[PDB]
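For this one, two forms of the same chain are given in structure tokens, first as structure 1 and then as structure 2.
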Structure 1
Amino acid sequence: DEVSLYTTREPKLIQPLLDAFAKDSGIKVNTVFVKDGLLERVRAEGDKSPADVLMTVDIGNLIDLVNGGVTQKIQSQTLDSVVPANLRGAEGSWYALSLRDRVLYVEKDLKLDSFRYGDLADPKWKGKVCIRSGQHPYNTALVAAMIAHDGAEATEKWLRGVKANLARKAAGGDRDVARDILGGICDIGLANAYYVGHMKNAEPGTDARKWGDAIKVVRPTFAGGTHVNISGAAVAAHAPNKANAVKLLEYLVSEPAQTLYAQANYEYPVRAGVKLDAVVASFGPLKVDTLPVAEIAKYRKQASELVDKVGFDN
């Protein structure tokens, strides 16, 4: 009695919760870590692939699995009643498991209590904004959502305004935004909330905690909700243990599993009423963009092309 989880997530983030599932259910969980090329591996393994559940990060990566024919549709009242409609595919094709909101890091004492994404292009922020490469998936997803909401013309004008406002070249990573706010290079920047979970939970006497202490989170909205990307999962097209695969996926959205799952990378659980990490809770109420996240995949290439058009990374 077994189930195979193919995951692009390091099993370290999920081993305790998988062990609980196995203990309680009696179903052996086989964890297969696939660092990259998940689609390609499952395709190559063909009709007899051992894969039961496919787990990955980024809505585009998840939709690529579905469009690549390596998933199957499932019916589950458990999953559909837990996962909001905008965060799951039609007829059980894929499901979000956690939310990765892209927020504004803000110098801790700056007078700024709210923000719209569009505000980042205000001329007053010139020389005051940090951001990583505009071509990084975290950013192209946000740009894709902006096209969906506001159109290509408005999105291009935002990109040009933000580029004009950068304090340094769009490069590095998300936590570099916090470093550079601490360093007085910029006052605000776009980066993922979960990194602030990591930094603020780091122990005093680390550089991570020094960066965390330097900043606060303000969650911008579109107007209006905050942009989220996701981690998520789907049942594999040829799952040899389909009943167990559905059991595992249903378990992954249960309250106990969600509590552990989100805490692991300081992400936000998909299931309502799940206890948050204390740092994450301190960010205040989250309003999730009502946009179907599948729209992010729809507009991704257009978004990437706009980023290139404006020479965002120059």
Structure 2
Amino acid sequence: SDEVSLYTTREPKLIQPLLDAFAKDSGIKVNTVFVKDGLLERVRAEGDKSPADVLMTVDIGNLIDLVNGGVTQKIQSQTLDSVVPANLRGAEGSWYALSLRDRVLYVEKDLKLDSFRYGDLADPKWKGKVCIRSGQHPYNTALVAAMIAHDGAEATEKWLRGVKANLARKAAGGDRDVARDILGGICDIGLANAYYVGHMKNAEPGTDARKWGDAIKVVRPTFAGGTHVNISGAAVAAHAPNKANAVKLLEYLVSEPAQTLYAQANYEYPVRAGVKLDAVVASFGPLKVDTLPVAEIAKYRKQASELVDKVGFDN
């Protein structure tokens, strides 16, 4: 009755403040396990006696590995059912989106560039000018997976090769390192999540993070077609010892107060309507979402990852 356990790939500073707010509101302690990756391996290796209640990812692919991997159970909740859009959830409560995010182009603030198509990143004119993290990170495999859904595996492999040839340094680091390396003059552009820009641009003045943020502007590419969007999402673990408290945490996270935190503290987009965005995030302009369902993007996640490997993307 007294606690709940969260296993997640989320950044602690990007989830802790609303677990704190939940505990302070509910009286329910949130035990916490953060993981770089391998969420399915840890949950399945712990077996029947696993303490896991809630499993939280920052990628639909990752989320569906868990559902289709047999380590989840269905959720029955009128609140999640009424609040979360039917295009951003699993059938009969198998999984739910909690926030939205878009993978966009970081651009040196003074570069002339109003528009971008995702395909443009392969264009030879960007040679030696692109920064990106590992092509095997879920943010990217999902993006690659959507491109497979739009253009086929042949065109996607070709794009990956063009992108790899355009890279200014090795595909590694995190999303923030794109803004860093743009400030350092290593690259002029790079693919990364816009919510980090909101996080960096609001950072303490004088800090590196702040300088990175003030170096760049956001350009949202479209598919040659809207901007690619992914989710943070959760499922309840198959043998959750605290299922009721697990559902309570998820219901709390889709509430207006918590979705405000997603907007104003995480700089993401809420799944719930009527929540105001952060002023900096609002300044990127209106978001035109890719029509492709997130569950459809997940279809090609495995092929996406093989293609990234095939081209030796991180070499």
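In this text, the rigid core denotes the largest set of C-alpha atoms whose superposition between the two forms falls within 1.5 Å. Structure 1's sequence is the ruler for residue numbers, which start at 1.
**Q** I want to make sure I read this right: if the two forms are fitted on their rigid core, which of 172, 183, 137, 84 has a C-alpha displacement of 2 angstroms or more between the two structures?
**A** Among the listed residues, the outlier is 84.
**Q** Quick check: residue 52 between the two structures - does its CA shift reach 2 Å or more after fitting the rigid core?
**A** Yes, because once the rigid core is superposed, the C-alpha of residue 52 moves 2 Å or more between the two structures.
**Q** Could you check, with the core superposed, whether the Cα atom of residue 299 shifts 2 Å or more between the two structures?
**A** No.
**Q** Examine residue 94 after superposing the rigid core and state whether its CA is displaced by 2 Å or more between the two structures.
**A** Comparing forms between the two structures, the residue 94 CA shifts at least 2 Å.
**Q** Once both forms share the same rigid core frame, by what distance in Å has the CA of residue 66 shifted between the two structures?
**A** Rounded to one decimal, the shift is 3.8 Å.
**Q** Residue 267: how big is its Cα shift between the two structures, in Å, with the core superposed?
**A** Value for residue 267 between the two structures: 0.3 Å of C-alpha shift.
**Q** Quick one: CA shift at residue 206 between the two structures, core fit, Å?
**A** Displacement of the alpha carbon, after core fit: 1.3 Å.
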